[PDB]
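# Inside the fold
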Amino acid sequence: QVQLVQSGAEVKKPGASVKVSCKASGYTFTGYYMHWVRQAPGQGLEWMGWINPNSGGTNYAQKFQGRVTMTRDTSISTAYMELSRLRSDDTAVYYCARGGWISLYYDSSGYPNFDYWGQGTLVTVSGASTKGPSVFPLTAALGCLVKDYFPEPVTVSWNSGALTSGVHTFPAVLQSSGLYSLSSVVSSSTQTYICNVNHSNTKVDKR
Amino acid sequence: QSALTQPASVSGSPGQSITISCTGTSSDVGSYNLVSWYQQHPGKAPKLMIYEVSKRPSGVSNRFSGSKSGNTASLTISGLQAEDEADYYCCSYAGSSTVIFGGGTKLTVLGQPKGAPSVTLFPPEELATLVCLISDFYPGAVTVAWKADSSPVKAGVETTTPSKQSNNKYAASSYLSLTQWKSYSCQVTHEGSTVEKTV
């Protein structure tokens, strides 16, 4: 049975490099194209390129041409993908996948038939450093807006834990700066509302 | 390197037939019968469901079929089940030994009637950040458009992926970071229907 086993998760800073391995078993490694596909969180699949493990021949998608190198070691049936000069948006799950049978006489490198996949290798790219959040105030609707913090998580409460009904704390958004932002929301009233926020050793209170 | 065009979301009731479209150009989808469909459940690798437009790998249920007309390929799922709920990607040969994926389609199998989105738009000590808060919507897919007065703005926008609330509905948020603030509108469209908030 065909198995594609990838290396473990990677943590990197911008400008650095990452090299992901894909060890193949259960078939003849040099007989099939190996493709690389990546997927940023919540985003779509994105083809990166292929390699001929028998010859070492590659192609790469235009978008990664100049930054990516695909190599192979046939003695241990292992393919490699190295991505250089990493940026925050290179953060993704990287998959190796077996493509078409390698023929002379036909170019089957472009066949989108990926019958077997690696389990995927997460690499997270971040240049951001620890920063405390700023906290701002927003049937009646109320809430507070907390800008530019790092990292996850934060715990937010209202009136030091007294209120829960109709209370909604939104998931953080990750900005192109490497920083997070969220909002927590819960007129009739004759009321003090404080949103109590915990992180950076951060404890703030805000109406 | 322009992705194939798929619907962002598709929904159906159990037992129904659903169809997901994949629109490319005459130079890929429409020049070849090299179109594949992939099913992806969260946290797992994609899985080949259909290849060469209409062929099924062994093991794949016969409820999944594929067809192609012109530059548009289509995945059809009959007798919908709860487990068929996933993300679906079309993929085609793109010419010149390259491969291109479609943008992806979220298939939702309705376990509750489609509802809302409720939109709260905040124009907010800081005087600039406009905040569009989106909640209680089902299925879990929305797209967000920002307007300065009556003219679009697409720069400086950060939006979350939809996240599941306890009531199997979804929540999301879109941020507009500005300087120019001195009306604004947040436009969220859900299942082809637009919900608008103005400040």
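In the nomenclature of the PDB entry, chain B corresponds to DH270.UCA3 light chain from the organism Homo sapiens.

The name the PDB entry assigns to chain A is DH270.UCA3 heavy chain, from the organism Homo sapiens.

Evaluation of the coordinates by the stated rule reveals 14 aromatic pairs over all chains. Between the aromatic rings of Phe114 of chain A and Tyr38 of chain B, the centroid separation amounts to 6.0 Å while the plane-to-plane angle is 25°, which identifies the pairing as stacked. Residue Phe114 of chain A is located in the loop between β8 (92-101) and β9 (116-117), and its partner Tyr38 of chain B is located in strand β3 (residues 35-40); the two belong to separate chains. We note that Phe114 of chain A, like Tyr38 of chain B, is buried. Their ring planes at 25° and their centres at 6.5 Å tell us that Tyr138 of chain B and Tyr170 of chain B sit as a pair that is stacked. With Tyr138 of chain B in the loop between β11 (129-137) and β12 (143-148) and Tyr170 of chain B in strand β16 (residues 170-177), this pair connects stretches of sequence that are 32 residues apart. A relative accessible area of 6% places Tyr138 of chain B in the buried class. Here a set of aromatic residues connected by ring pairs shows up, and it is made of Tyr95, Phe114 and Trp117 of chain A together with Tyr38 and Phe101 of chain B. Here the basic side chain of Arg98 of chain A rests over the ring of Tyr32 of chain A, its NZ or CZ set 4.0 Å away from the ring centre.

Residue and element names in this part refer to chain B. Relative to the elements of secondary structure, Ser9 occurs in strand β1 (residues 9-12). Looking at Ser9, the relative accessible area reads 23%, which means it is partly exposed. In this structure, the C-alpha to C-alpha distance between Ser9 and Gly104, residues 95 residues apart in sequence, is 8.4 Å. If we skip the residues at most four places from it in the chain, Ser9 touches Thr105, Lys106, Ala141 and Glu191. At 3.4 Å, the side chain of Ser9 forms a polar contact with the side chain of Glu191.

What follows deals with the domain arrangement of chain B. Residues and elements named next belong to chain B. Entries for chain B in the domain assignment read domain 1 (1-111) and domain 2 (112-199). Its C-alpha centre places domain 1 at a distance of 29 Å from the equivalent point of domain 2. In this assembly, eight residues from domain 1 lie in contact with seven residues from domain 2. The interface formed by domain 1 and domain 2 contains zero salt bridges. The tally of links from domain 1 across to domain 2 stands at four residue pairs in polar contact. Mapped onto the side of domain 1 that touches domain 2, the elements with two or more residues apiece are β1 and β9 (105-109). Taken together, the residues that form the side of domain 1 that touches domain 2 break down as two nonpolar, four polar and two charged.

Once that is clear, we can look at the state of the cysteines. Two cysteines form a disulfide when their sulfur atoms are joined by a covalent bond. The tally for this structure, following the rule as stated, stands at four disulfides over all chains. The residue that forms a disulfide with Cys144 of chain A is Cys195 of chain A, at a sulfur-sulfur distance of 2.0 Å. Here the S-S torsion is close to 135°, and the disulfide linking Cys144 of chain A with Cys195 of chain A is therefore right-handed. Each member of the pair, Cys144 of chain A together with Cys195 of chain A, is buried. At a sulfur-sulfur separation of 2.1 Å, the disulfide partner of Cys132 of chain B is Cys186 of chain B. Disulfide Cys132 of chain B to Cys186 of chain B: torsion about the S-S bond roughly -85°, handedness left-handed. Sequence-ordered numbering of the bonded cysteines in chain B gives a disulfide pattern of 1-2, 3-4. What connects to what in chain A, once the bonded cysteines are numbered by sequence position, is 1-2, 3-4.

Moving on to the nonpolar core. Of all hydrophobic cores here, the largest spans 42 residues; its most connected members are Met34, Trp36 and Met81 of chain A together with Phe101 of chain B. Those residues in contact with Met81 of chain A that lie beyond four places of it in its chain are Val18, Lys19, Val20, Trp36, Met48, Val68, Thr69, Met70 and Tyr94 of chain A. Of all hydrophobic cores here, the second largest spans 22 residues; its members include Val10, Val29, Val35 and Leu75 of chain B.

Definitions and cut-offs
Residues numbered from 1 in each chain as written, not as in the entry; some residues may be left out. Chains lettered and ligands numbered in written order. Heavy atoms only, no water. Residues with missing side-chain atoms left out of burial classes, pairs and counts. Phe/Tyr/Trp six-rings, centres within 6.5 Å; stacked < 30°, edge-to-face > 60°. Helix = DSSP H or I, 4+ residues; strand = E, 2+ residues; numbered from the N terminus. Buried < 20%, exposed > 50% of the residue type's maximum accessible area, 1.4 Å probe, protein only. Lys NZ or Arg CZ within 6 Å of the ring centre and 35° of its normal. Contact = heavy atoms within 4.5 Å. Polar contact = N/O pair within 3.5 Å; in protein donor to acceptor, adjacent residues only side chain to side chain. Domains from an automatic or database assignment. Salt bridge = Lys/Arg side-chain N within 4 Å of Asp/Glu carboxyl O. Nonpolar A, V, L, I, M, F, W, Y, C, P; charged D, E, K, R; others polar. Disulfide = S-S within 2.5 Å. Core = buried A, V, L, I, M, F, W, Y, C linked by side-chain atoms within 4.5 Å.

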